Amino acid sequence: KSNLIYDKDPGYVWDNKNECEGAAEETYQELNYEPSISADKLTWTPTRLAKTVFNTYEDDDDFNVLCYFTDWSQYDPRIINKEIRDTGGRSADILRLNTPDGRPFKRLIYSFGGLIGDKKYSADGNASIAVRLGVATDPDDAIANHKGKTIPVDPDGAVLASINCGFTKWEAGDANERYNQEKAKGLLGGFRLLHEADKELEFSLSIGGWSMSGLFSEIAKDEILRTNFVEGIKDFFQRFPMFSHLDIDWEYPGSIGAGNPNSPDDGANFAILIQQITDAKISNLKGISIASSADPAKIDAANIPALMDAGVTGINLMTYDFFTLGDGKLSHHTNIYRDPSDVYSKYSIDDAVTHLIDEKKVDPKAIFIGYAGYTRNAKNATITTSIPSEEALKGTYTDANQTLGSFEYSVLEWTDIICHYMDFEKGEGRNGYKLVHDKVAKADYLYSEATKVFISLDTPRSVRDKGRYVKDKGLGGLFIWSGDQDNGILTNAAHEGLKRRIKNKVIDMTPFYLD
């Protein structure tokens, strides 16, 4: 009996039927997923297995909690009938955020807008998307006249869908007809429904992200392309007046990121672009944020000073994915602290924050730090710490190809954690897994002696401590990567770390912190 999870996929009512009761468990059966044994499987667990438990808190202090909401998290072909069970989607309902008497986030960040001409991401540089959305007359025109212009790269998910976007029936209309605020369905229509329920909620577009930063370096160098880019912002902000913020998540100026063109000039060029967007005087655009790596060497390479000199008002510090497979050592993925000589957990929020404030003279209040709705794992792992309960995490792994995850190998998402890996209500691990608190990092991890799988994750305890860090250090606030993953437990912990008075109580968080 649980206030956090369901014991069986409750399904989803669509067109007066519910075709996906138990769908999550049918997938598990088809794939032979067993939590206490599987080291090398995907779960495909839908967020439907979690109960929705966002509290709300007074949020009118000097901090803000932001939410990256991904436009692919709505999908799950299991919803429609009984045909597909060997794979699935996240099925993340935008309506989990529709709380009474407040909001779990001040600002929802649509993730992600792509760029016309981006041939790293798209074989045709998103040209067919441009035509479908009605911003180009044919694919040649898209590239010839609109290179550098932003558009959502998933028009179904952005402006057409009903399921998990707050709408209850299919209606005729193409993406071109629905690519504006009034007519949108999809996640942008879902954002509008939340806008209509809550006038204080803010909306940001994030352009770029890890897979879509391939075109930034080229755009920022070029007058004509920068001008197309600014036009892209004006167009989107005219189509969707409810938007008021822009996150240009170029990952990262001056360094390799996912394999992008890059140049030492990138940060200085990006600053020209920021100024050029400001100069357009888009009446509803109140603020521009950018992304920063947590690696001080990559921070140096980004020329953060140039960007702040051009009037950037926020830095979303991408404090997650610190554990990357490849070097055979375990690591925390989103930890606040580390010992300076640590070769396992090589990065930390604190190292990065300190670097920005002390070396780059960034205003602390501009900085937002991340908490994560997902994990970074390695199978075939060995914990080598001498006293795990008192000492910093150390450990190694051999072959971690095809490690346990939810939708992609090596990454479990939050629903899987609370349903099959950790029982926060009983205060202990599930299915042969044990939770360890690393007091040096102030981060928790999960590990099973039986499966040999190591799982680095955020918990209520660490997210609360991140909220505490933000407050102590006078930072801007926190963001979740990504908010569609959270059932509310993570975000509750953030608000509590900020010392916020509760307004609407759905769940008592007290027993979930475990000291």
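Couple of notes before you dig in:
- When each of the peptides 375-385, 489-499 is scored by the mean number of other C-beta atoms lying within 10 Å of its residues, the order from highest to lowest reads 489-499, 375-385.
- The Stokes-Einstein estimate for segment 322-429, based on a Kirkwood radius over Cα pairs and taken at 25 °C with 0.890 mPa s viscosity, is a diffusion coefficient of 156 µm²/s.
- Among the GluC sites (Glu not before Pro) found in segment 314-403, those both in a DSSP coil and sparsely packed, with 16 or fewer other Cβ atoms within 10 Å of their Cβ, are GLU390, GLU391.
- Ordered by the count of other Cβ atoms within 10 Å of each Cβ, fewest first, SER217, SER244 give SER244, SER217.
- Across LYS119/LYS147; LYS394/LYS434; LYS41/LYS82; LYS346/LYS439; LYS106/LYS361, pairs whose alpha-carbon gap is larger than 19 Å: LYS41/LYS82; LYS106/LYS361
- Percentage, to the nearest whole number, of Cα pairs in segment 297-363 over 15 Å apart: 56 percent
- Judged by the gyration tensor of its Cα atoms, with axes a ≥ b ≥ c, segment 81-143 is oblate; a/c meets the 1.5 cut and b/c is at least as large as a/b.
- Cβ-Cβ FRET estimate between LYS473 and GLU200, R0 fixed at 30 Å, reported to 0.05: 0.70
- FRET efficiency for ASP61 and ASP7, using Cβ-Cβ distance with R0 set to 35 Å, rounded to 0.05: 0.35
- Segment 79-238 - Kirkwood radius from inverse mean 1/r over Cα pairs (Å): 16.9 Å
- For the chain, the antiparallel share of DSSP beta bridges with both residues in that region comes to about 40%.
- Estimated at 0.36 nm per residue, the fully extended path between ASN504 and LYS17 surpasses their Cα-Cα distance by 172.1 nm.
- Distance histogram for segment 441-515 (every C-alpha pair counted, 10 angstrom bins, percent rounded to whole numbers): 17, 47, 28, 7, 1
- For segment 1-47, the list of trypsin sites (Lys or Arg not before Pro) that fall in a loop by DSSP and count at most 15 other C-beta atoms within 10 angstrom reads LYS1, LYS8.
- At q = 0.06, 0.07, 0.12, 0.13 Å⁻¹, base-10 log of I(q)/I(0) for the chain (Debye sum, equal scatterers on each alpha carbon): -0.26, -0.36, -1.15, -1.37
- Projected-area average for segment 367-515 over all orientations - Cα convex hull basis, square nanometres: 9.3 nm²
- Residues of segment 21-45 with amide N under 13 Å of the 7 Å Cα→Cβ point at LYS452: 39-40
Note: ideal-geometry Cβ built from the backbone for every residue, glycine included; neighbour counts use all protein chains shown. Every number here is computed from the coordinates shown, using simple stated rules; none is lab data.
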